[PDB]
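**Student:** The data below comprise the sequence and an experimental structure of the protein.
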Amino acid sequence: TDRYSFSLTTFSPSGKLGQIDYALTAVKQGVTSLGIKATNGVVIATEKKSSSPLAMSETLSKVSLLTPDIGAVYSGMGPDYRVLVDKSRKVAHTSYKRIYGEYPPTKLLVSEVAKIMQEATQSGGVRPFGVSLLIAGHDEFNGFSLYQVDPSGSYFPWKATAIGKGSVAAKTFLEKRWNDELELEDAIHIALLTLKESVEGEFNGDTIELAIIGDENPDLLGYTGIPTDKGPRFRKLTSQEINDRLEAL
Amino acid sequence: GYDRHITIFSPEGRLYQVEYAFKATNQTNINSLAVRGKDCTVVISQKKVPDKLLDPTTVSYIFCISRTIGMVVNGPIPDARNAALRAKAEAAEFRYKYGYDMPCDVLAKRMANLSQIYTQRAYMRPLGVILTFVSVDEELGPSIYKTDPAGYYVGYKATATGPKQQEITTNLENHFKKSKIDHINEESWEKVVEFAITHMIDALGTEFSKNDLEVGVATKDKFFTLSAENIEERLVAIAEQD
Amino acid sequence: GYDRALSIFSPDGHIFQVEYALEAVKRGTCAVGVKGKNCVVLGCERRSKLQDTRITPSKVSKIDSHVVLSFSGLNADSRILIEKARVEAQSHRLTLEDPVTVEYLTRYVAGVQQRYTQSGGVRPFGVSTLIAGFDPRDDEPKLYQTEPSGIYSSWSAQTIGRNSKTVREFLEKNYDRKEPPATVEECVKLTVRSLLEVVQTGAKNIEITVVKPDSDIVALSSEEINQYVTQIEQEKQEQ
Amino acid sequence: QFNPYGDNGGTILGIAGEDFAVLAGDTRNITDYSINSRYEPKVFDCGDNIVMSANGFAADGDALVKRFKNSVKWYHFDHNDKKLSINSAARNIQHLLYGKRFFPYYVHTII
Amino acid sequence: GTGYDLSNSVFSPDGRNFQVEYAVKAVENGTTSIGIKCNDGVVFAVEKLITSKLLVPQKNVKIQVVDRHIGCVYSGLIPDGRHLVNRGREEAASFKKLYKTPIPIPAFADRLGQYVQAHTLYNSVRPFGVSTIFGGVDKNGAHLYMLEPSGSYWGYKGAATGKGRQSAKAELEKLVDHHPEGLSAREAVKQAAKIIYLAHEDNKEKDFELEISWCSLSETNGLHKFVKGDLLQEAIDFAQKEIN
Amino acid sequence: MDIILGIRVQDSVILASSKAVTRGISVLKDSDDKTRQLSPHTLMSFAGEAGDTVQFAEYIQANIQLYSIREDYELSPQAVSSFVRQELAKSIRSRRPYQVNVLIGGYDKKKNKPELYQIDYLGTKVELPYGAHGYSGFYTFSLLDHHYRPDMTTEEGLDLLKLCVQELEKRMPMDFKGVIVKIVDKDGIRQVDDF
Amino acid sequence: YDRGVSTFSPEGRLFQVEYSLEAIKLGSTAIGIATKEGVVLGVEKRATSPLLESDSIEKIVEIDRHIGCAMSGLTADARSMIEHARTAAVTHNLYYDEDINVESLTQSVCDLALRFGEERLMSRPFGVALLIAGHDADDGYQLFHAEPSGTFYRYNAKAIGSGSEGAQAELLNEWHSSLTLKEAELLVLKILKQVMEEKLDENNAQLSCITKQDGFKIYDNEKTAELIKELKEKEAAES
Amino acid sequence: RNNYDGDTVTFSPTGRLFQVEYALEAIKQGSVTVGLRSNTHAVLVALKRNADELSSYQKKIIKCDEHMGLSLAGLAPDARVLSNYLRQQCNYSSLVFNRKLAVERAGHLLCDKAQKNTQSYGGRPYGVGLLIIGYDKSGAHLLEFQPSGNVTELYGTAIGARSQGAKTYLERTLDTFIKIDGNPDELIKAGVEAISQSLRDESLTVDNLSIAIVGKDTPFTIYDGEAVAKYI
Amino acid sequence: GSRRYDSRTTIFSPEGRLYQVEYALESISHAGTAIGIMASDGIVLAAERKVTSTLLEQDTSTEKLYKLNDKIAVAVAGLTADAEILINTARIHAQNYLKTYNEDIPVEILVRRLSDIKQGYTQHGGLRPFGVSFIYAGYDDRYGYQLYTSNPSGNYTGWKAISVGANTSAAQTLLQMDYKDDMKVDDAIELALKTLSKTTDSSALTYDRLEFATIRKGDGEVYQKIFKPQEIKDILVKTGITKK
């Protein structure tokens, strides 16, 4: 019987929530993942650290499409991120598409994921999620946006930010290199330059996972006939494209 | 001190129960490797029958989940049988609801999500087992996918699990660096079984009889387990090899 | 789901949660009730600035047109008790075609608190209550006190909250059972004196509500309480 | 459509005397125009010097008699083998019957 | 850290569940019970301690039956054994209701194993304090299984648990080595009587009553039946001769 | 066969309810008061199935009084009519719907305005200068359409209601044993003694 | 909080049961004497202040017209027990058209005492002991002591509460089988005056009787004062 | 030991269940009751214990059906719960199958009822021990039930304080009382002597002795008060 | 079992306080300071952002001031996620009241509903309380303009000028110093800005580190304006705290 009907996250006498801070500590020890918002798209990149080289690198996707216009990356505990991505994909339909006929905007999906995580930090017999999420999305009425979601259930909009081990150092780079006139290719280049310092092993398209929320891809719709339905804005960059952009650094 | 009894975060941001379940996976002191061929997948596991009163035919850590998916477990046999029953039920439910056989990676992801649930829920303990599913997916070819008590799941060109896992892993890495391919370029599955057994002999440095190994072979739309006589015939063919 | 026994017995025969709720009552604002010959008066302390007295809730709350309830302790639990009492008063009006008696309402609130002391997964109420009023067709005043333990008792005059021992002793020394305060003015004066014995801040932190038969409940404005405090301070000049 | 009830005929009769009572019943059980049994008693001794007969639908009557005998048994269990007075048995049978007020026993009862 | 043995289903830093091992300790303190898988069936035997001669002999049966073909004996907390037997009876009833055929011995073994393993999964439930030797005859022949408090079960040529488990196991190993061809049903019954008499030496303070049952295709038509009457006395005499 | 009429006359609302309660071929009562005072400035007359009427009326009354006690504030007649309409619109799709029709007359002190709402058992609410429930409407509405003036006085409203009751007593095939008449204005609710 | 509420002691006892008994020991005194002319129940109205109206101290309640009850200890916990007893009595009257036996009523009340733990039960056992007096046609006049342990005894006379121990001693010395009703009343009054910390008057002591003729009746202050005066006269006429 | 007596869900390092043992100790501190049987009858003798001279003597023997009854030693409410369960099971057997519940099956069902509490978190073991006598198609039966769940069929036994003396008395008198067939009074007097063998500074009175008899052509009957005088 | 890990969040202290309530208050004491002021013709809410950085998008950012309906807003101090949960429940309750009575819900009713939710979380269920303090600024046709405050304990009080979060003592002192009853909305804006600039922990009070909102009457209806970063910068350079 599930007799753990009490909160496992409680306020300490100092006011801190122990499990929240410990999940944040687990996040800080995760691999660095960053995101940069440009004027014509957003970029999210991370290091695809593989344990054994016998492992299939494609079967370790750290960036996951939530909606055709909204993707997400993480830093922290992989499995928590995976179950959160599943819950997010499900709530994007059960709470918006099946009610309004359209996919949710970035802020609403981010708020739903934050609500899930907050429930995970207060419900009975559950630990908080050990992940921080970077969600990059585009909707028609709010344009492009990038959000950070913490285990505490709080989310913040960012022009650019990194999370993980060397995130602080990476953030400094972004603070020195970000401007409100950036292009999507310039944002990808800055993301590559920022991730180059956060990694120590090989720095190629097989060790980096990068995705973009940019223009619509009508070639990725799978069907042609409805001119109103454009293509998906989320696109994961292939290893060949990553290497082609790395050769010009 | 209670942070090391239930699946909650320690001050260092770790889950000690998950690490102790990982430790318990090696309680059986049995190693197992898995490799992919041109059109098949072979798993080899150690068969240790310490008691003379035991029925050797019942001592098994390989399970036929479906007609296409097999699973070898590293860990105690109670949790092994629990995971095996759950995987068989999930495969049956998948085939019923979606009208096609459950893919290997999908079953691995389902079991890994259940493991993540056990990792985030405090009412139940993580299963101290590491599950290696193998199949010949109709869209992916030979496939090996492993899941661990932490909720992680990933595919492999080849893999190993057990106390001597690092040695077998390094041996397979060296062979694949030499061959410069991601599988075993052999047409027949018997030669792939022979290769796997041979490389396990090389890694562990100990010889095996027909009653010391368990072999599971997955080909297109059929997973089976070799008998002692087929294992012995493969061992004879390995002894003939120079 | 959560059903852990929070209120249990101690080796010395004590229910520590009920005693701690009584302690929380001891930290609450002061609240006194005095019975007259034809009226009841409830006085309350408004602690210590920049507070909007227009919209802030008063300690004295109307349960029904004829019965009122003041409290001492955690206001948040007092709100729940007041709402349950009002709902039960309306239900009793609906089913019995007769407004609740003061004793019935007091017993209902006391039973709710006793349930909270005996139920699993719940803590007792950190609220002690003073219920005052007149029966639907009776001119005799009724003043009852209820505790977090669930005990309810009638009182000719009784105070609860911080420094309630001093006010209770002052009342024991100044309240005569042979002759209760005849007029409403005498009862209000006794109440405000008993309060000023502890508040020591003035009429700004004193609330007075007088209930009279046939549903005549009047809350005195700051001007009436100021009149009372000035009268008693002028009577205090004697030495 | 399935009819849950049936008619089993029979007739019972109770007469109270000065220091005695008599409850009689025909031992004929029938269904439509056939004889089910030529000897099937329907007046039963329920203990505590109380005889009972529920005539009509034989299944409902048997169920009622069994429930009342179990009731007197548990009355002895829960009250130190106190004798069931005839008025107490009558009210207990009223409650047993009204328990199925919307699915009644198709029987006429006499104790 | 410490205190890992205070709650069930708590992994210790060495990868162990100490509550299961404590249940195993509780099992080891119980009487001796053995099982022998022969060519055409299986035989179960158990020792019953006669603490006083006020106990009615031939009563207080310890060997239980599941369905009409499964025999189960257990060492440890007898009530936990009865609980496990009731669970297995429910499983066999559902299996027969759904799949018509009587439940196979491996299926029953896996059902009981899943039940015990689930009982070692939560801190709100206590592990079973019994080790169960069960078996019987199905469409695939004779089967004998032993199931531990951990939920771990295996198929055995011979099984034994209790105080005299060591001696009984040694004797069973002798029976396995000396007779590779296999024992018959009545021969296995007599040998089980002998093994129980030899295992009683670890609890010589009290006297014991031997209880034997068997499920064999040739002698009992595949049904589990208690060895009673002449055969019981024959096995007792064989054991008393093997002693002195 | 219940007479529930109401008329709004500039300064007040006048509600008339038949006095007859008949079960079968027997007039059990000839002095029944088919109204419930929801608030000092809001009255509600009701008509419908036996039992459902009084149950619904007293339930709504208890809820309105509970709100008034909790908030120390009298709900506007519009909010009360909305609450009653919500309850009646939940009733129809319940297990046993309340077969009650209500006429709510109230003087809004905020707007200093008289208001009359008509709601049926289905939850159809309408704000009307004059309203009627049942077959009585078939005789009164057109009559009111000819004689009603928005600038009428409470006494003129009483005369108009007298005319309506006379027409009903003439042409209706049932003896409703007269009407009880009540006036709701800024000074509260009062009852006309002889009508 | 380190053990469960349903946890046995190494001596073979329930911790919460013994703790509730210790709690009852701190409660007011309740004495009962069963004779052949009726059963007498006397309790002490322990007043914590002269302002408390002693009329509202209801520690003697009526279960049914032929069964009365006295409570000692946490008297708030006894409200649910008394309600259950009254409903059980009237429900037995409804099902069987007769009066429920006193032993049956006591057993039905005791069936709730051990219904606690962590189907949602109570969190703790009761903190109140009961003396249930009654008359039935089977066993005549009966007096039962009911503990929160679910166990109940029958007593020819029984004292519970503060100072009950020594009181029981006196109850052993002065009770005989041929004792009468008035003798039982005087004995209860004497033992109550002995075990009280105040001067025994009609305002700190309450009496009640169960007789076959008039049922259960609680004595008004007039009869109590008369009996107290008679007891004083009797005790003054000794050596 | 210290950290292993918190509940029934915790095993000791030696494999013990200390809460079950504490229930057993609760039984050992209960008043003594003896039971015996022959081939035709079965007797339960009960030493009812009082608090003082004004108290009653708590009844220790409970009837479950016209052919089966039990005597208790320990917690009275737990004995009432188990006796109610046994009455319900006998009633279910008689109603659904027109079959008197055997004594062995009743013992098995009480074993299951007791085991269901010694393994789930929350609750406690039963604090009573039972001696169940019965007469069924197999003859006379006496069962001893402990809260551990173990129910044992015996010719005679005794439970409660100082019960070892009565147990040794029945051990010595087995060959005598097992042959008391056709005469229930001699079996009752043997049981009374047995319960007297366990009276340290105590004596049997007409208010403290309880007798129960069931056998061939003898429904389960309880004798209290004057009825036991003939056996004192 | 599981009671070993239960912290018992809803229990009293020997002094008569709730541990988790006091600790949540201590937590809120580290949150960004929020200030509400009720002038003669409006209400003003101002708050400081704790999460402040150059790369933080402040346009689409909302972490201190939220809308409940068209006439009520809330300033939050504490856990933003718990605040958003309570704000969602409050919006749903306001729309329920609107559907039921076809009138806008009064401010005190919504405040009492939310405070009762926060109280019930501290009495049963065994869950941690919401580490959130709320400043409610609203208008209705019964009490006019209203400023309320609620804490995790479930208590709510009405104010003329109040502050929650960090440095509440100095902020309340400054407010009591510089508050007057007859002041207008612009004077209240000035007072809130001065109090935030004098009680802040940062170097200077900049536009990108504040959220601002005003509920006023300017038509005949009340307008609720959440200030944009440019409007905050303009009001800052107007009051003199910054220059351009």
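**Tutor:** Thanks, I have it. Residues are numbered from 1 along each chain as shown, chains lettered A, B, ... in the order given.

**Student:** show me what contacts residue 14?
**Tutor:** Answering for chain A, as no chain was given. I:23, I:26 (C-beta atoms under 8 Å, 6 or more residues apart in numbering or on different chains). Any C-beta I mention is one placed from the backbone N, CA and C, and that applies to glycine too.

**Student:** actually it's chain G I care about, not the one you picked
**Tutor:** G:6-8, G:125, G:149, H:124, H:127 are the contacts of residue G:14 under C-beta under 8 Å, 6+ apart.

**Student:** CA-only coordinates of the longest helix seen in chain B in PDB, if you can.
**Tutor:** The residue-count maximum for a helix in chain B (DSSP state H) belongs to helix B:77-98. What follows is helix B:77-98 as a C-alpha-only set of coordinates in PDB (Å, rounded to 0.1, in the frame of the first residue of the first chain):
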ATOM      1  CA  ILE B  77      16.000 -13.700 -10.000                       C
ATOM      2  CA  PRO B  78      13.000 -12.300  -8.100                       C
ATOM      3  CA  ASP B  79      13.300  -8.800  -9.600                       C
ATOM      4  CA  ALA B  80      14.300 -10.500 -12.800                       C
ATOM      5  CA  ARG B  81      11.100 -12.500 -13.000                       C
ATOM      6  CA  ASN B  82       9.100  -9.400 -12.000                       C
ATOM      7  CA  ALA B  83      10.600  -7.300 -14.800                       C
ATOM      8  CA  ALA B  84      10.100 -10.300 -17.200                       C
ATOM      9  CA  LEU B  85       6.400 -10.600 -16.400                       C
ATOM     10  CA  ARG B  86       5.900  -6.900 -16.700                       C
ATOM     11  CA  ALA B  87       7.700  -6.800 -20.100                       C
ATOM     12  CA  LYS B  88       5.600  -9.700 -21.400                       C
ATOM     13  CA  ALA B  89       2.400  -8.000 -20.200                       C
ATOM     14  CA  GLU B  90       3.500  -4.700 -21.800                       C
ATOM     15  CA  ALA B  91       4.300  -6.400 -25.100                       C
ATOM     16  CA  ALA B  92       0.900  -8.200 -25.200                       C
ATOM     17  CA  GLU B  93      -0.900  -5.000 -24.400                       C
ATOM     18  CA  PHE B  94       1.000  -3.100 -27.100                       C
ATOM     19  CA  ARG B  95       0.200  -5.700 -29.700                       C
ATOM     20  CA  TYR B  96      -3.400  -5.600 -28.700                       C
ATOM     21  CA  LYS B  97      -3.900  -1.900 -28.600                       C
ATOM     22  CA  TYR B  98      -1.800  -0.800 -31.600                       C
END
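
**Student:** quick one: it near chain E?
**Tutor:** Yes - residues of helix B:77-98 contacting chain E under C-beta under 8 Å from any C-beta of the partner chain: B:77-79, B:81-82, B:85.

**Student:** Can you show me the strands along chain C?
**Tutor:** Ranges of strands within chain C are C:31-35, C:40-45, C:61-64, C:67-73, C:127-134, C:141-146, C:152-154, C:157-160, C:206-212, C:216-219, based on DSSP state E.

**Student:** Show me what the fourth one is packed against.
**Tutor:** Looking back up the chat, that one is strand C:67-73. On a contact count with 3 or more C-beta pairs under 8 Å, 6 or more residues apart in numbering or on different chains; DSSP states H and E, strand C:67-73 meets helix C:16-27, strand C:31-35, strand C:40-45, strand C:61-64, helix C:75-96, helix C:102-118, strand C:127-134, strand C:206-212.

**Student:** And chain I, is the shortest one touching that?
**Tutor:** No - with C-beta under 8 Å from any C-beta as the criterion, chain I is not reached by strand C:61-64; the gap is at least 11.9 Å.

**Student:** Pull the distance from that strand to the chain's centre.
**Tutor:** Distance of strand C:61-64 from its chain centroid, counting by C-alpha atoms, centre = their mean, to the nearest Å, is 12 Å.

**Student:** Run through who's touching it.
**Tutor:** Residues contacting strand C:61-64 (C-beta under 8 Å, 6+ apart): C:68-71, C:78, C:82, C:85-86, C:89-90, C:93, C:99-100, C:105, C:131, C:133, C:217, F:69, F:72.

**Student:** please redo it, this time with the cut-off set to 7 Å
**Tutor:** C:68-69, C:82, C:85-86, C:89, C:99-100, C:105, C:217, F:69, F:72 (C-beta atoms under 7 Å, 6 or more residues apart in numbering or on different chains).

**Student:** Distance to residue A:241 and neighbour count added to the residues of helix B:77-98 next to chain E, as TSV?
**Tutor:** Compiled in TSV, those are given as follows (distance: C-beta to C-beta, whole Å; neighbours: other C-beta atoms under 10 Å in any protein chain shown):
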residue	distance to residue A:241	neighbour count
B:77	48	23
B:78	48	26
B:79	43	26
B:81	46	22
B:82	44	21
B:85	45	17
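
**Student:** sorry, back to before: tell me the most packed of the contacts of residue G:14, by neighbour count.
**Tutor:** Counting neighbours by other C-beta atoms under 10 Å in any protein chain shown, the top entry in the contacts of residue G:14 is residue G:125, with 30 neighbours.

**Student:** Which residues are in contact with the closest residue to that residue other than its chain neighbours?
**Tutor:** Excluding the flanking residues, the one nearest residue G:125 by C-beta to C-beta, 6 or more residues apart in numbering or on different chains is residue G:148, at 4.1 Å. For residue G:148, the contacting residues are G:17, G:20, G:113, G:125-127, by C-beta under 7 Å, 6+ apart.

**Student:** quick one: the strands in chain B?
**Tutor:** Remark: strands assigned in chain B by DSSP E are B:32-36, B:40-46, B:62-64, B:70-74, B:130-137, B:141-147, B:153-156, B:158-161, B:213-219, B:222-225.

**Student:** Residue F:70 and residue C:87 touch, don't they?
**Tutor:** No - in this structure, residue F:70 is not within contact of residue C:87 by C-beta atoms under 7 Å, at 9.1 Å.

**Student:** Of all residues in chain A, which one is closest to chain D?
**Tutor:** residue A:1 (33.2 Å; C-beta to the nearest C-beta).

**Student:** how far away is that residue from residue E:78?
**Tutor:** 25 Å (C-beta to C-beta, to the nearest Å).

**Student:** higher neighbour count, those two?
**Tutor:** residue E:78 (22 against 13).

**Student:** What sits closest to the more buried one if chain neighbours are left out?
**Tutor:** residue H:150 (5.5 Å).

**Student:** Phi and psi next, for the one you found.
**Tutor:** Torsion angles at residue H:150 (phi, psi; degrees, to the nearest 10) stand at phi -70, psi 120.

**Student:** mind checking the longest strand of chain F?
**Tutor:** Identified as the longest strand of chain F according to DSSP E is strand F:100-108.

**Student:** can you list contacts of it?
**Tutor:** F:4, F:6, F:12-13, F:15, F:41-48, F:52-53, F:56, F:76-77, F:80-81, F:84, F:114-121, F:131, F:133, F:184-186.

**Student:** Repeat that for stretch A:203-222.
**Tutor:** Taking C-beta under 7 Å, 6+ apart as the rule, stretch A:203-222 contacts A:40-48, A:57, A:61-63, A:69, A:71, A:136-138, A:144, A:184, A:188, A:191, A:195-196, A:199, A:201, A:229-237, A:239-240, A:242-243, A:246.

**Student:** again, only this time at 6 Å
**Tutor:** Here stretch A:203-222 makes contact (C-beta atoms under 6 Å, 6 or more residues apart in numbering or on different chains) with A:41-46, A:48, A:57, A:62-63, A:71, A:136, A:138, A:184, A:196, A:230-237, A:239, A:242-243.

**Student:** Show the contacting residues for the closest residue to residue G:147 other than its chain neighbours.
**Tutor:** Nearest residue to residue G:147 in three dimensions, chain neighbours excluded: residue G:129, at 5.6 Å (C-beta to C-beta, 6+ apart). Neighbouring residues of residue G:129 by C-beta under 6 Å, 6+ apart: G:24, G:72-73, G:147, G:160.

**Student:** No further queries at this time; thank you.
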